[PDB]
Amino acid sequence: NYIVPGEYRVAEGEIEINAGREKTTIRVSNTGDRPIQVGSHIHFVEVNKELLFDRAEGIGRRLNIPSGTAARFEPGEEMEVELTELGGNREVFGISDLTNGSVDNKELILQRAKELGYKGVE
Amino acid sequence: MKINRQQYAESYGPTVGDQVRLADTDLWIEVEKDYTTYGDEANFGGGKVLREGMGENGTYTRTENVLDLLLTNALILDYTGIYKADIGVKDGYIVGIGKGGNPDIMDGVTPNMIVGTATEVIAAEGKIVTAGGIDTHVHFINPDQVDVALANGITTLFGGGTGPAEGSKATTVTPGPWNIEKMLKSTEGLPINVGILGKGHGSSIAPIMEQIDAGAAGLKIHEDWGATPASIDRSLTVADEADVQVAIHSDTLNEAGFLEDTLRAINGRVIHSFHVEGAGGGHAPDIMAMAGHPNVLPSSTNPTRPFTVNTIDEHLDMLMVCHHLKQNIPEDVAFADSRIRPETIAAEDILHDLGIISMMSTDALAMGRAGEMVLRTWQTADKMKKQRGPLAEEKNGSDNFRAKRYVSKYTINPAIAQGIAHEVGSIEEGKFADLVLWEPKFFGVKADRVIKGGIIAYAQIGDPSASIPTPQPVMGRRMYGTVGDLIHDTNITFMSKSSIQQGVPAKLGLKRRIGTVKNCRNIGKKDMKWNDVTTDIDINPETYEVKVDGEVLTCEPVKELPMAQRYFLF
Amino acid sequence: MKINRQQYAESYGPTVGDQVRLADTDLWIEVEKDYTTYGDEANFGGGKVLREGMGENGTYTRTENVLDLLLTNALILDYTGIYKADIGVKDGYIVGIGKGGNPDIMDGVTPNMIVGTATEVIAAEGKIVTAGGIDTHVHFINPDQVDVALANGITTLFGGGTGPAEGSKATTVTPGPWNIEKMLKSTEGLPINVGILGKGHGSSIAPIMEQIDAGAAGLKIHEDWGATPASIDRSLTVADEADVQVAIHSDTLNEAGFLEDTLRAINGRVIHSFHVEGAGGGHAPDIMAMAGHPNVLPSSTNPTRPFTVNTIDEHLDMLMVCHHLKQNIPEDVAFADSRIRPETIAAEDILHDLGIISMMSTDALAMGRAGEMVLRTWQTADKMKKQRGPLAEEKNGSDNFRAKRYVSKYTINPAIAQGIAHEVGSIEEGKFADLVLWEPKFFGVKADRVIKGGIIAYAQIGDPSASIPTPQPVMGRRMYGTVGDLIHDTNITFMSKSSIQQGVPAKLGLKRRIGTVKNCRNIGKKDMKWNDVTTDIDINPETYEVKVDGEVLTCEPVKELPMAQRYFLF
Amino acid sequence: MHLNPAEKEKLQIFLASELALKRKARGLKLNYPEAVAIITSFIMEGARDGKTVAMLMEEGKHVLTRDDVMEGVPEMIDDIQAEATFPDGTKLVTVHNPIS
Amino acid sequence: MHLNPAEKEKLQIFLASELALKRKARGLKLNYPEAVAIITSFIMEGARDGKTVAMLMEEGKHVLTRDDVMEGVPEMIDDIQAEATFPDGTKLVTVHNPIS
Amino acid sequence: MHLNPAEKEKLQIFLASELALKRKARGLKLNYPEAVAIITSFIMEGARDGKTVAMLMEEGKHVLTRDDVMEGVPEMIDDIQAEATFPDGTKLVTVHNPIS
Ligand code: NI
Ligand code: NI
Ligand code: NI
Ligand code: NI
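Right, here's the structure in full:
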């Protein structure tokens, strides 16, 4: 009976994000001396050079976390994160200028990443 | 990964099946569908999704499917549905309702709703968004009335007047070509959409028609100027030629005829019956029977909305002042008293709930309150739920059917009646971006932000000297859409086709957007969304008892309303 | 005859060697030189000197070396000097600084400073006169912010926004051609100079450049739209072609890079680093190191100015509201907390005092106070005198070196940075007559009269119904310069060269004076008047300790400031 | 607070009433705007208290008497009208000849 | 006096608080804008008194309790924010959930 | 009420004076606008009471003393001027050096 003006009465159940997309777990380390925080929708291969991980596993992917959230890496911190696949046209432009086109061009993306010193290209 | 419902709703606003309480009423709206793709919700801010290469596309120029403005995560309440979507605006118009963002990387982006370099963002997560209110019974008496209207979510004022002249204090009339021209020029400084009604009185066509050619958007027939069979007939003849609407306040006195005589003069032609219950004017006691007819578009004005224990006591003195009546003339008092009837006011609540009265309006400053059309619509719906129960049409415990029926009364239906629904009156693609954001706790009471033609015109916002806009005092204030020449692009002056063809805007130097009034003469009660009921309404001439389908319509007045003392400082 | 010093100063304002206290601070300015001829001082009033045949010439027409306006006996405080002179204005511009009057009978009259039939007089004896403040970090959120700015002596607003939309509440951005056009039209009604920044985000050139062609005067790169290497690069490419300035709020999160990566993307090109200390935004914790570089024009925003005992406690909630962050998201809180550091705030005071941070700005309504740029500049200077002592460069016990260093931060330096110093930013011949008169007791706190283009636009003045203008209530009020079409001639809209060449003002019907942005790309830290220091700034990533020349920069927060509770009603 | 235009305006009725009440308390006969302000604020506070419109229409005639006001003030005030938020929403109170 | 725009506006917070305090004193449960006004004026007067921002951030939670206000008012007020001139200049006070 | 522009404006002097008087009563030394407001409202209320202009020109020097105000406030106030309706119409009161 108590009235909270404008209150919600939410339905039962839960919301599954990024449903039907392949998920991938990888380990990532901040090798730098200042904190790095990574948003939900940045093309994962294009993050800060001083994050160390298998860069190939970030291609065409982003963090599998709620839209508008982030993963924070303190200096020296290693964490396991889960990635999901990019959707739509699966193209990335700008950001770190590693892709500028289809994410399918893995060899080109990695060549650029390696030349520019993004850590973790094999 | 999964997110629980409570946390999802707190972050992005509600989704399918979730319910929201309207202000402090008992009314609950339920999300019917959601255009999002879960995980790709648009949001803006530090480290959020709408950033270049991510949720914001960095490739396309403005003309390439990019928006000027995205409202993210809106809960839309409209005659078309109660549902969750992003709203995309471009060139001052709603161009997309769906899912905004960047097709590079997001699933399910509506193709013309790209967030690009050109895109501003308004966060609507946790807000209810409605069309701006369309008030078709406005007396232009005091320019301070505009902010009053904006603060309760009204974005279009249709009516008449020249300021606090007795003619205007009684009637929604801007009389003759010169007064109309003057008020069209005045309108250049009013931060709201406007249409002007001429005097629907005369026994020759030319004096009436020349008002339409001068720039009027319609006519008002009012008993204070003589609501005679001749004035009714000539006005409707003019309206049928000009494709504009006629509003009527009929002969309360029954001087030249009873209701049946007025209907005979109308002769099946389309007409908007103002304050159809009759306290605001009309054939005593039976004018509300108008609302049963197929050619009548019926509205209420707001002081009788809803029936409360103080309603009757305020009315006599209100009426005497409005209509320039004298306490020492017994027949003036008898006329006033004849209009004030608890029987018809009580029935008016029910006729709204049944979809027999299709529209609400204010009657601003002439037996009506400029800032309470929206307010009193929801108070009426709440009272009816309490007294009549959920409507039979409802399901899932929600009040969605009632909510669509009632929102239509002050948005789409008045727009349809005045021939302006191609431009305004609902949240639909192709219409002008007049949008009102509400916090659910303030829904129908105090608007958060009022968007006019795609730019914020009015907002509840705090200290202009503060580090952020939220510190006190939070009050309604005019925003940049009202400043300088931007007032011209964010507002519409609605005018007759003939005045537009004759170049009246150029003649007068009008810089506002010019809207065309059209498709007014080919409509009827059947075209009133969610409020299309025709029926024989019987009103007992002795007792004032109102019957529909052999059933007396009555209800009790209430001692308390929601959307009242919890909110208001006075 | 001789006049003693005290009496001379009381009659004509101070002269050479006299000192004046700035408000209730410990800061004293000394008159360096005086352009008068003793005995021929100009003054106006009953039986005074500026009368026909006497100090007013009765022969010459307006075009013959006669002024529209003479400010008599001004104590000028400017980057160019602290000195006593008359100021002559004609056609809205400063045309003479020197000695005004009548060459018929007075010695030493500056030849183009004749008081004639055409000349108005403002008495500046006993006043300090400065250039109008140039605020280059303005969020256009609430139009009520303009009077707030005028009241503390600000006459130019550079920044962006469309009103209280979330994009604008976070970022100084008016995005895309349509929003820019709308805000240029809005600007026609704002009684202050304006320039508009577009969104400095994209990975293709055309979406960014079309904003410049539409009428933007510069760009803002902001992390809330993605302060990525690509957006940085494309914006600077556009700016170098268009000759406009770019402001940056960098990637606090270090998401796509650390400070060194942002500097690499900048690639030696000119850029204005906003809120360089970093509470207002930027690479955590070391963004203030930007201010050591030769290609960076560094400004502070005002809530960290100066370091006080309450500074830290206000910031977390301020930041969360500005950037649309959620208390229930741990990483949102961590991001906010990362920006708030007493170590860098304390060092910021000292970097200002050393001439390493060149500019002040507000950040109006988005982590900043629209009416406190000037105020907090002087509070900082006062704190530094108290804690660090008089600067080594001073002499005669005066604080003139500090005063020139600090006045430059909110007048000439922001004008140089945005390519508008040919028009505004200092009291020099040939510049627009944007002048602020201050009573010394109110200096930096409440402006007496604000002159815009040679007409008073804002004043502290009393009862409009009184026999004279001094009776209570004395409050800030808009004056005739803001009324009617005079608002067009007393204010400048600053625009890109390309938009001007493409006829945008005629296209939009802009009637304001149109100022050209130019000479933005060929400047550096060396061009910041009295604040030209380049050095290696080291910021410890663990402790946030700031070092310059091997020396830790730190100071204590203060419990009390001048220019505070003695003056303000709230 | 979310103040709307009327809430802002009506603050100044309360203020004028407070001013007038202080003048009355120090022994002054009240003038026209003072008298109107007191009766108006009385009505709006009565609504806030939850009185009915009918109660206030009558109570409003007993707030000030002719000995409280200057010569001619009773005859200058034909009626006082005020709107306020009652428990059942905004209503209008009209008080005829409030000071005999 | 040299009142600037904010000084003028903030007078009406003090006034609304005085109005609300009178309503409370005569036994009324306070509504939303009344409650906000009281707490806001409390903060600005606290700054004038020379309290710290941190003191007021905490004191602001103890000015009104749920029994002082109408049903739902505590839940309507997520926070109250106010700026005032402290001894060390203008500062912002944010009070979270001021009425439990 | 028929309020004209000056009547509206001058309400806010009375209000600022009430604010300042409360600050004084709780033991604060008054600042510049507070002091001006108190003395100004004193003058306008004196006119309403029917004092002469000459009386108020002198009384205005005895409303606040230097121990009532902050350091430097006495020297900041060279004079205070106010107009009000006396029994013989609007007149101007000028108080020179109201606080020694
Ligand atoms: Ni009517
Ligand atoms: Ni009407
Ligand atoms: Ni910033
Ligand atoms: Ni900013």
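Residue numbers (my numbering), protein chains in the order written: chain H, 1 to 122; chain A, 123 to 692; chain L, 693 to 1262; chain B, 1263 to 1362; chain P, 1363 to 1462; chain E, 1463 to 1562.
Positions of the beta carbon are idealized from the N, C-alpha and C atoms, including for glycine.
Sequence ranges, beta strand (DSSP E) only - wholly within the region 328-414 of chain A, length at least 3: 340-344, 367-371 and 393-395
Cross-chain neighbours of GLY1060 of chain L in chain A, by beta carbon under 7 Å: Those within 7 Å of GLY1060 of chain L in chain A are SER589.
Within-9 Å CB hit, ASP1450 of chain P to chain L: yes
Cut-off 7 Å between Cβ atoms - residues of its own chain near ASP649 of chain A, not counting five sequence neighbours on either side: In the same chain as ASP649 of chain A, and ignoring 5 residues on each side of it, the C-beta atoms closer than 7 Å to its own belong to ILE538, in chain order.
Short CB-CB distance (under 9 Å) between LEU1477 of chain E and chain B: yes
Coarse secondary structure for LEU889 of chain L, derived from DSSP in three states: strand
9 Å Cβ cut-off: residues of chain P touching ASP585 of chain A: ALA1368, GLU1371, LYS1372, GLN1443, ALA1444 and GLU1445
Host beta strand (DSSP E) of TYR775 of chain L (start-end): 773-782
Inter-stretch contact (C-beta, 8 Å, three-pair minimum) for the region 212-225 of chain A and the region 958-965 of chain L: no
Test item: CB-CB of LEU1261 of chain L and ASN1493 of chain E under 9 Å: yes
Contacting residues, own chain, Cβ-Cβ under 8 Å from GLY1312 of chain B (five flanking each side not counted): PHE1348 and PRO1349
Interface positions of the region 35-47 of chain H facing chain L (Cβ-Cβ less than 8 Å), listed along the chain: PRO35, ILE36, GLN37, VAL38, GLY39, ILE42, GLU46 and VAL47
Cβ-based neighbour list, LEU447 of chain A, same chain, cut-off 8 Å, excluding 5 preceding and 5 following: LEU441, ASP454, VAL455, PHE457 and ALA458
Distance, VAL38 of chain H Cα to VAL10 of chain H Cα: 30 Å
Listed by chain order, chain L residues near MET1532 of chain E by CB distance under 8 Å: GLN1257 and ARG1258
Sheet register partners of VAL1531 of chain E (DSSP bridge): E:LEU1492
Alpha-carbon spacing of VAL813 of chain L relative to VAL1398 of chain P, whole angstroms: 49 Å
Contact list for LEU1290 of chain B against chain E, beta-carbon separation under 8 Å: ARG1510 and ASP1511
Beta-carbon proximity list for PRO313 of chain A, same chain, < 6 Å, skipping 5 on both sides: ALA579, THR604 and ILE609
Check: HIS1007 of chain L C-beta below 8 Å from any heavy atom of ligand 3: no
Host alpha helix (DSSP H) of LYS1144 of chain L (start-end): From DSSP, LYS1144 of chain L is part of no alpha helix (DSSP H) but of the beta strand (DSSP E) over 1141-1144.
Ordered list of beta strand (DSSP E) runs contained in the region 1142-1211 of chain L, each at least 3 residues: Given a length threshold of 3 residues, each whole run of the beta strand (DSSP E) inside the region 1142-1211 of chain L is given here in chain order: 1147-1153, 1167-1170, 1184-1187 and 1205-1208.
Continuous alpha helix (DSSP H) stretch holding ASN535 of chain A: start and end: 534-539
Any non-hydrogen atom of ligand 4 within 8 Å of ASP943 of chain L CB: no
Under 9 Å between C-beta atoms of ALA273 of chain A and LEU193 of chain A: no
Residues that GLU1035 of chain L contacts on chain H, provided the C-beta gap is smaller than 7 Å: Within 7 Å Cβ-Cβ: nothing; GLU1035 of chain L doesn't reach chain H, min ~14 Å.
Residue-chain proximity (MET1438 of chain P, chain H), Cβ-Cβ < 9 Å: yes
Residue burial classification, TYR1172 of chain L (beta-carbon count within 10 angstroms, cutoff 16): exposed
Cβ shell of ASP229 of chain A (< 8 Å), same chain only, five flanking positions each side left out: Closer than 8 Å at the Cβ level, and outside the excluded window around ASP229 of chain A, lie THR159 and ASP162.
Closer than 8 Å: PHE564 of chain A CB and nearest ligand 1 heavy atom: no
Residue range of the alpha helix (DSSP H) that includes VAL1013 of chain L: DSSP places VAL1013 of chain L in the uninterrupted alpha helix (DSSP H) bounded by 1003-1014.
Secondary structure of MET1417 of chain P, DSSP reduced to three states: helix
C-alpha distance - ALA349 of chain A paired with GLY322 of chain A, whole-angstrom precision: 9 Å
Identified DSSP bridge partners for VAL567 of chain A: In DSSP, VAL567 of chain A forms no bridge with anything.
Check: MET1052 of chain L C-beta below 8 Å from any heavy atom of ligand 4: no
Identity of the residues DSSP links to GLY169 of chain A by a beta bridge: Answer by DSSP bridge pairing: none, since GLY169 of chain A is not bridged.
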